[PDB]
Amino acid sequence: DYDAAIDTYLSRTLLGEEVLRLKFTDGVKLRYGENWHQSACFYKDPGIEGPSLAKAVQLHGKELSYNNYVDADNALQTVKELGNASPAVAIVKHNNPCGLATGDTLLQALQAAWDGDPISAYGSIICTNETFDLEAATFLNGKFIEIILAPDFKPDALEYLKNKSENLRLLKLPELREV
RNA sequence: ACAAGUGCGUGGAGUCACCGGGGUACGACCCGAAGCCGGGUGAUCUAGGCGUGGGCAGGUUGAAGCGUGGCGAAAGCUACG
């Protein structure tokens, strides 16, 4: 690190050619890639930043893969543009947030996005802006989702989904409603 | 029960007493436990429930809430009271 700094600074000050070192430490192999012979491996960053996939817990659900991470992040970015305040949600398929909603009590918003896309949908990445509740949990029942992101969850809700479903990659992100 | 043998019985001595021994049942030569069961007694102690009262020197710590002030484009972060 020390030396890297000594490089970046000097290359930007003394001379002009600037050098950007990257922040990709602690690795983890995933399933594979777009195809079975396309092995991808997530490399977390040591940076303490804030809302990021690095700091998310897979309560239950088979190991997330390439596409998973990708879309999940796109979703996160979508919900994070609206900056707290008004309740909001989102969804996404093949790197395409195809279902943003705001509204009041999530319920409506959530389903309104499901109306937005009632085709492809099945197997998207719901990205709510706060905790999920049974109201719409029963709406989600049958409507296959790949991953469900959320700042936090409610015990009964969490349990409910957990046992009922057998695929939802529940990946609520501890404290994402900040900078 | 057919027979043959055999068992028991048969040519009159028992019965009623008094004084004794002994067996058996009853407390049974005397004393010696824990226990079992019937009907009554007890919550002045102690355990718990309830009603209605009494009490806890003097200090310490300093949650939420509230006021003012900082740092911030906001998001938000933060000091003291």
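Residues numbered from 1 in each chain as written, not as in the entry; some residues may be left out. Chains lettered and ligands numbered in written order. Part of a larger assembly, values for the part shown. Heavy atoms only, no water.

Regarding how it was determined, this PDB entry cites cryo-EM in its header, along with a resolution of 3.51 Å.

## Here we look at the environment of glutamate 49
Structurally, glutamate 49 can be placed in the loop between β2 (41–43) and α2 (66–81). The exposed category is assigned to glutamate 49, whose relative accessible area is 63%. Spatially, the C-alpha atoms of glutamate 49 and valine 179 are 8.5 Å apart, while their sequence positions differ by 130 residues. (Helix = DSSP H or I, 4+ residues; strand = E, 2+ residues; numbered from the N terminus. Buried < 20%, exposed > 50% of the residue type's maximum accessible area, 1.4 Å probe, protein only.)

## Remarks on helix α5 (residues 155–164)
Of all the residues in α5, the buried ones are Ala157, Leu158, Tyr160 and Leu161. Angularly, the buried residues of α5 cover 160 degrees about the axis, an arc narrow enough to put them on a single face. Looking at α5, the residues exposed on the side facing more than 90 degrees away from the buried face are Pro155 and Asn163. Where the residues of α5 are buried, they touch α4 (134–140) and β4 (145–149). (Arc of directions from axis to C-beta. Contact = heavy atoms within 4.5 Å.)

## Overview of a nonpolar patch on the surface
Among the surface-exposed residues, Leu20, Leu22, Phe24 and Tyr43 lie close enough to one another that they form a single nonpolar patch of about 500 Å² accessible area. For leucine 22, the location among the structural elements is in the loop between α1 (2–11) and β1 (27–29). What makes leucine 22 exposed here is its relative accessible area of 58%. (Patch = residues over 30% accessible without salt bridge, like charges linked within 9 Å, V, L, I, M, F, W, Y side chains within 5 Å. Areas by Shrake-Rupley, 256 points an atom, 1.4 Å probe, with all protein chains shown as cover. Salt bridge = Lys/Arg side-chain N within 4 Å of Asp/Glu carboxyl O.)

## Considerations on the environment of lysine 55
With respect to the helices, strands and loops of the structure, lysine 55 is situated in the loop between β2 and α2. Setting aside residues no more than four positions away along its own chain, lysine 55 makes contact with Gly47, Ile48, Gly50, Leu173 and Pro174. Among the polar contacts made by the side chain of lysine 55, one reaches the main-chain carbonyl oxygen of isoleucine 48 at a distance of 3.3 Å. (Polar contact = N/O pair within 3.5 Å; in protein donor to acceptor, adjacent residues only side chain to side chain.)

## Focus: the pattern of salt bridges
Considering all chains together, one arrives at 5 salt bridges under this definition. The closest approach of N and O atoms between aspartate 7 and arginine 21, which form a salt bridge, is 3.4 Å. Pair noted here: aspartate 7 is in helix α1 and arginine 21 is in the loop between α1 and β1, with a separation of 14 residues, a long-range link. Given a relative accessible area of 47%, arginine 21 falls into the partly exposed group. Put simply, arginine 169 and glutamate 146 hold a salt bridge, and the shortest N to O gap is 2.4 Å. With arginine 169 in the segment after α5 and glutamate 146 in strand β4, the pair connects residues that are 23 residues apart, well separated along the chain. Exposure remark for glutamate 146: the relative accessible area of 19% places this residue in the buried category.

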